[PDB]
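Okay, structure first, notes after.
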């Protein structure tokens, strides 16, 4: 019905050398601009053609800086296609020039006054996407007067529902409520699910705002939902897709009710129990159908129902059913199946009820993640075992987890080693063996671990008071290891500085040798390490006098006298002016066993949690 | 020694995937692409380290080239190899682009794997490569190739025949000059190379003379023969060579031996940072009038032999950005202005030596000269000139064919002396 | 050769269809699609049956493409390699030594355990070979064999054979032998390569003189491993280096300078060829920076390294560092940097003119660097320090924090070198605390506090303010505050008691660093003990550091000499630091 | 909710960009390029829902077409996958074995029907017979 548009699509589709595209663009530019910049615009064909061109070009990587008052002219233009392309344009091209917006909102109120479906629908569509505050200003209660106060049909009503849900999720401030419970909950009793879906959505929003507002919901909702489960697909056949019963609306209802507390009722939630048995006893069957979509919907609503049951775990038998189901579920050849199963399980993983029942599947998890070649699944499994971990399993868990981690990514490496270390401390009673575990960890990398981690283990040590001789001796062992890991250096150096006496009746215990050794390492590190080693060195003498004279000689070297910084200057200063010049009593006086650290809460957990997204 | 060596386009996909190590991973390569090939920031380096892994990835053109290694090497030889690679790619097929790579794929691959095997880089002497490396051996050919490999002679030497034996030289002297805008030569240096185009038979070693330790002293000896204490000749500030020379022979007796290949090539490049000849006496300077006007004074005294004729004389005289009132001066040539670069183009059709064309400029402004201020863009003279600025020239030239027939006299020689002064810039 | 770059969507079965044509054309084009697949990284191992049955042929290009495909995909499928070894044998019985060497390199490009014995004596006959390419590829695939399993008496006998092949006349074979063994030295029994000896040194030197740049550089790095027993042989060696000027230089030059500095430790009075080289070295160094931006860039790295190691005659060639517009930002940076390092007391006037010029240019980064450098010049000769005062002051008055930010630390260090001189600016600084965003600059201000809290009397209110920051700030900031407060209480005990007590309680109970907590420990058990004694240590002066200005760790430098030419040195980060 | 809805051809370029928030040229373009690269490198054993460094997209690959719909963390992927499958059915049903050239002349039709059954970042409708009915009866609206 208009040449320019179609012929332009034709030609520029056939144009390939971007310069030819540009040429055709400029030809249409002359055409349309001059037709609007002069050559006054004509109503149906010309406007529609040129404006659809303008819109799609705006989409093609351009923009229209005109014709928007004339796009109002499209809204005020006979053909529905003109009004519609205006609808879209202003909905697609975010507007300016509030007088434009003024005419827009006026025309919107007219398209409402025009109580025909299409006008109001498209108007709500532009209201949602353009989303100017003035809409929800003029339509704070007006869109209510649309969706209620007059209740006729579905399509336009869920249109208004999604519009107002946008305006509410974006501007609930422009929403005064009072009370409208009865209407929407009767909609929940409406069998015309066209509204009821978007209804339950927005109602779920408001219940996130006000669950308490809707207990009247609960009874009617659970009745209707038990019905949905029991009345699957025999009628409302276009409410029926692949003969599933209202999957989206049912999931809406279940997740809504999931905000509400666990089961407490005997009979209403007895009927709930009935639905639970229904759901599980129906999911168990193999499909008479042969299309995955049915499986998809069934497993989706399965996740929804189970999650609704999840976090309650007051249902031992149901927990058993879930454990069995999950056990079967980590066998489904598509990685995504067992993957989402892993999510659902690690979700449920914290079941004090079924902890052991899950732990049964530990080797399943083990070989799976070993024979996995993916990580997502593996982190789900890590969280799963994590929620359920304990000393007994942890013993081996260390070995297998580490054997996996040595080959992994890098950040996740940090998060995992940190979370497994805090697991260990959750179970650390074999503090000597735990120290050994930490030694192994450091031996793996010991050069990427953050501060609070080894900070914590040092605190543990000074708070442990049991293996400190063992600890010191083993630290020494790690020290004669030829390689270097600066974290090991810091930690074990300080430890022996305070605990080297606890390993002293040995030839390797020879603060002369290890002293000069650390000296070879002394000036090849980061700065804070040097402060640590300065504290350690000043510990040395007052805990090991034999090496003193040598230590004296060495701490006078120009290096520490010329260390560029202010701090290490002063640190070496307060050390030297007290070693060189020594009252010899203030040494021991100051020196102190650095008592076990006062109680804390291991904020490593909250730190990992903030790292947790 | 090295692994993957991958050539890349702009869209980032490989143009080649030429691996030479096991360690190389696809997970590595695509990461390299998405992270270097694609990066929000745009300041990088031809070498790159990502997780203790080196990455000499270069765009030697619109086309890119990625050298991946995790082995500590000499980066310099890596780059030398990259050069030699793209350079021989050009030498064999000129332009290097999509089709240039495609329709050469197989040769590309066999060469790369040869010239560098598992990262161990082999030579690229191409003494007879392109012959059998052509975009099926005989016993004589088998032994022939084996020997030419074992033969310690390259640059296409097997004993050739040319119906004549002639060489045309061209001494290019690039004027590396900066002078103070008030007049003082801040930079007086020259960058020149001996490019040698030859058409001769056989495989002759040649020698050559170019005046040393003193200012300069078959059919045409020389039209500008080296008068005693002649043109500027100095101990070469830096003389660079190419693998035909014998620097052992030099540092023994200050003379290499070069067996040149045939055709065109660069025999030896050289630099001298002293003792040059000035073609003009220009004092290009700007002054400022409070802050409403910037005025530029450009007195371009040209200084060569008036017999010498420089043509298409285009001098770059930037006009002040803010322009309210112009003040133009004309002496000789053509008045041309440059907008979008804000410049007086005192474009002169031609200039003889020892000349002077003055243009004085005032351009009214608005104050913007602040703690951050106007950038003074060096006024430069750009033009055409062939020249022997140092005039350090052929002290002699010893060529022959001491194998069968054609002697020195049986060779006809040439040279050009093309000065090059686009580096004539000063305003600040 | 033309591009194919297509593999998907059942066209694998079209690939079959053309493979269901033995005729050369469909075969070659199908092959080109296979190469497309291999480039785009899509496995075509399924064709190994097709590849092997069509592989019965005699075409050289077909042989080569089969070599590549077979190799790189049996990499992904060791199973069907049974097919390969047969052909590889057939080729080792193909009198073409070049085709044989191609077989050898494709083969030795894979090592598991079986092709090993299949080639061993054939490999030894490639060692007992007379063709440069056959023996060459033999050495290369012996190196490649060392990828794994390089511990066997068989590979050891091969090592003996090639180890005698170290003595080799063939330039190619001896050259890759040198390269190979030098790489094998990276296998670390730390007893590698016992073939070094004076006559060997001389013969390989001659070779270098006559062998390609490859073998030359290999010889150079090997010499970088051999340790002469005195300078006389080293004298003769540097004479051998005398002709090692302009070549395929960059690599050769860097490695040569490495080997020389390895012997360049004696005095230029011991030999003047020493100081002859010292003086002669500058113009080639300029060429290094007169080369190509990347190689001049490497050269700048190496030059900073040298100036660090050897502060000498280059002290008059700062000209090379003379920045220009066209110069790229970082090159300009290092230019200016070594310019400062090549402090020209003559030029410092016009140098600083240029410097403020740069300050008046349009990039934050180089501006901050130049501010630091000017501050160093203030730490340098005092005269400059006055123009530094004026300039850095007006730069403060530019009121762009980041400049002033690092400038705070700059002046902190200057005043550390030069205290109680221009305290007048501390007043101005007092306003400038409402922009503290650099732990460096903040620590500089707190350092000022600790310095002059006796002169600073308004210290009280500003400090009780600064008590807003106790947490969420990096420990050094804490420690700086703590020592400043310690200094203060020493110089002004009259009103620091409440301060020291609250801050000690906090920093010791809110502590996580045991050094911080026990430092609070020491702080009280010195100040509760004897401030009367504390002052003598603390309140007495702490001598300066005497012009570090970005010094270098010698040993690190000394060991990176073993890398000057290699990535480690040029990168100025330890070779160990990257693996 | 539905962050946006992107559809690209086997020829690269996103042949339908459909959004639900105020994404921007830089943002939309990054989305396009990154998602496209992912789709390319993503081989066949994959899902229809890939997380991109902070949340997911419900993507749907086809020999020529790649229907990518963005959601975040919680939405039950399966339901939306079936919804997308349904919508594809509807399209080629009405578009009668659509070739891309059809939408090149009728992209707006696809767009407005999307707007019809999907709204505000959510499904506005899902009713196959009714969808086709209302479409056709309103595929006659001038």
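Residue numbers (my numbering), protein chains in the order written: chain A, 1 to 613; chain P, 1001 to 1428; chain W, 2001 to 2579; chain C, 3001 to 3142.
Where a beta carbon is used, it is the ideal one built from N, C-alpha and C, also for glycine.
Based on the DSSP secondary-structure assignment, which residues constitute the bridge partners of residue i?
i                      : result
residue 1343 (chain P) : P:1318, P:1338
residue 452 (chain A)  : Bridge partners of residue 452 (chain A): none, in fact.
How long is the line joining the alpha carbons of residue i and residue j, rounded to whole angstroms?
i                      : j                      : result
residue 2392 (chain W) : residue 1230 (chain P) : 53 Å
residue 3016 (chain C) : residue 2010 (chain W) : 27 Å
residue 2306 (chain W) : residue 371 (chain A)  : 53 Å
residue 2203 (chain W) : residue 2163 (chain W) : 15 Å
residue 190 (chain A)  : residue 238 (chain A)  : 16 Å
residue 1291 (chain P) : residue 1367 (chain P) : 5 Å
residue 2530 (chain W) : residue 539 (chain A)  : 21 Å
residue 2275 (chain W) : residue 2315 (chain W) : 15 Å
residue 410 (chain A)  : residue 2335 (chain W) : 37 Å
residue 283 (chain A)  : residue 376 (chain A)  : 26 Å
residue 91 (chain A)   : residue 68 (chain A)   : 11 Å
residue 2565 (chain W) : residue 1174 (chain P) : 30 Å
residue 2500 (chain W) : residue 542 (chain A)  : 27 Å
residue 2116 (chain W) : residue 1140 (chain P) : 33 Å
Might you give, ordered along the chain, the residues of its own chain that have their beta carbon closer than 7 Å to the beta carbon of residue i, omitting 5 neighbours on each side?
i                      : result
residue 2389 (chain W) : 2422
residue 260 (chain A)  : 211, 218
residue 2402 (chain W) : 2364, 2368
Taking residue i as the reference, give the member of the options with the closest Cα.
i                      : options                        : result
residue 2239 (chain W) : P:1417, P:1083, P:1228, P:1252 : P:1252
residue 54 (chain A)   : A:73, A:170, A:33, A:44        : A:33
residue 1077 (chain P) : W:2361, W:2053, W:2254         : W:2254
residue 2279 (chain W) : W:2486, W:2311, W:2351         : W:2311
residue 320 (chain A)  : A:336, A:357, A:338, A:293     : A:357
residue 581 (chain A)  : A:556, A:276, A:600            : A:556
Exposed or buried, residue i, counting other C-beta atoms within 10 Å across all chains shown (16 or more means buried)?
i                      : result
residue 1414 (chain P) : exposed
residue 111 (chain A)  : buried
residue 150 (chain A)  : exposed
residue 2213 (chain W) : buried
residue 270 (chain A)  : exposed
residue 1165 (chain P) : buried
residue 1117 (chain P) : buried
Is any heavy atom in the ligand SAM found nearer than 7 Å to the beta carbon of residue i?
i                     : result
residue 401 (chain A) : The model depicted lacks the ligand SAM and carries no ligand whatsoever.
For residue i, I'd like the list of residues in its chain whose CB is within less than 6 Å of its CB, leaving aside the five on either flank, ordered along the chain.
i                      : result
residue 1218 (chain P) : 1409
residue 2444 (chain W) : 2408, 2409, 2412
residue 1195 (chain P) : 1170, 1266
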